[PDB]
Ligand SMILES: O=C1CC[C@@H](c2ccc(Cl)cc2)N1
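To begin, one chain is listed below as structure tokens, in the form solved without this ligand.
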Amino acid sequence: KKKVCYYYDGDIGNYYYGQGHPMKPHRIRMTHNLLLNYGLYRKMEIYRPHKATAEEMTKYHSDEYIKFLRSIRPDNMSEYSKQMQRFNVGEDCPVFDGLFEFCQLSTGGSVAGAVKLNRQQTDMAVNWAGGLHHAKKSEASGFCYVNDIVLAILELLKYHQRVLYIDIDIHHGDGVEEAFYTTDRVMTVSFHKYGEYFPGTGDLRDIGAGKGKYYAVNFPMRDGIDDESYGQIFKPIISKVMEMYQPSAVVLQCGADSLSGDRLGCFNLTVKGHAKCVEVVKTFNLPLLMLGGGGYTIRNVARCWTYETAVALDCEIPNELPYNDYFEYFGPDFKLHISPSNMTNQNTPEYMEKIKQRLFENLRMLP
């Protein structure tokens, strides 16, 4: 019977990255509608996030980068060409109308959730508009401009000695691992696909630098991992991290591109196998901040995030989707749960056991 808080801004779904861009901010509007029509909206506290000021963003990002983000518009792209080249903005991180407002809303939801958890006013905080884990300190990467996870953790670090960050996106959380690479107050755990893949980092040999050595766990994967293998490897590693690190707050990034049938991912998970991670994390009774992430098949993202929000509330919802404004998006089955494909799992038990044993050896060296 914990308390769950929900952050949502009604205008987040009206921002368009561009034509043919895989990133659709509309996957949060359909998630919100599914939550409303499933009855889970009435079960939590609903907040309208504040717009994070530029001064809050510069707690991590540089002042020049935030100033460029505030100044650039599609109308005046001619005068900033050198600035766009320097800050990695324009090719894959396009300049679109209302970019800074989108960043402000995404950052404000996460920071408000972290503040709410700091004051012991809630046990869980949800923000599906956040979770942009690729943005760097002074440049944009991977559809992300402002790293709100880093700012949320920096808010949490004001009150908690140790914070644990878990990332179940199919991509490496390079923006968050880089920021907290040389500190032991944050341990960054990442499960990701490795080998000629974006972003190119996340090696098993990357364990931390300087004062924060052994405080960066990486679990490289192969193609086609399913629910059974993911469940077999997730619970032991997380239990060992809990035993060794002993954190006081958790930030969980629930990226939905590790589902089956994604437009950009190559895993074979389902909605239940995705939410098993949320179920496992929830058993440790620590403050939790549940953030969004990837996910490029929009209906699957909506289903996964709705089921994970139901899991957080400890509420059961029927497999038959209710009537919502986007009922035509979920046809023709009109079911909440998806079925896996027939791809082969390249993660053989020997490889998985070797990686797990190496990670266990690395975790036992924690001071």
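We number the residues from 1 along the sequence you see.
Here the subject shifts to the form solved in complex with this ligand, a form of this protein not shown in this document.
Enquirer: Could you work out which of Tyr159, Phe234, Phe143, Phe219 is the residue within 4.5 angstroms of this ligand in the entry with it bound, going by heavy atoms?
Expert: By the 4.5 Å criterion, the partner-contacting residue is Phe143.
Enquirer: Looking at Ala152, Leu132, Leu269, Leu289, which is the one with a non-hydrogen atom within 4.5 Å of this ligand in the entry with it bound?
Expert: The option sitting close enough to the partner is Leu132.
Enquirer: Taking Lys193, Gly202 and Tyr351 as the candidate spot, are all three within 4.5 angstroms of this ligand in the entry with it bound by heavy atoms?
Expert: No: none of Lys193, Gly202 and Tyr351 comes within 4.5 Å of this ligand in the entry with it bound.
Enquirer: Would you please decide whether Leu359 lies within 4.5 angstroms of this ligand in the entry with it bound, comparing each non-hydrogen atom pair?
Expert: Result no; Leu359 lies far from this ligand in the entry with it bound.
Enquirer: Please determine whether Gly108 contacts this ligand in the entry with it bound, using a 4.5 Å cut-off between heavy atoms.
Expert: No.
Enquirer: Can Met23 be called a contact residue for this ligand in the entry with it bound at 4.5 Å between heavy atoms?
Expert: Contact with this ligand, yes.
Enquirer: Is there a heavy atom of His32 no more than 4.5 Å from a heavy atom of this ligand in the entry with it bound?
Expert: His32: no contact with this ligand in the entry with it bound.
Enquirer: Taking the partner as it appears in the entry with it bound, which of 64-72, 23-31, 318-326, 37-45 has residues with heavy atoms within 4.5 Å of this ligand?
Expert: Looking at the partner contacts, the answer comes out as 23-31.
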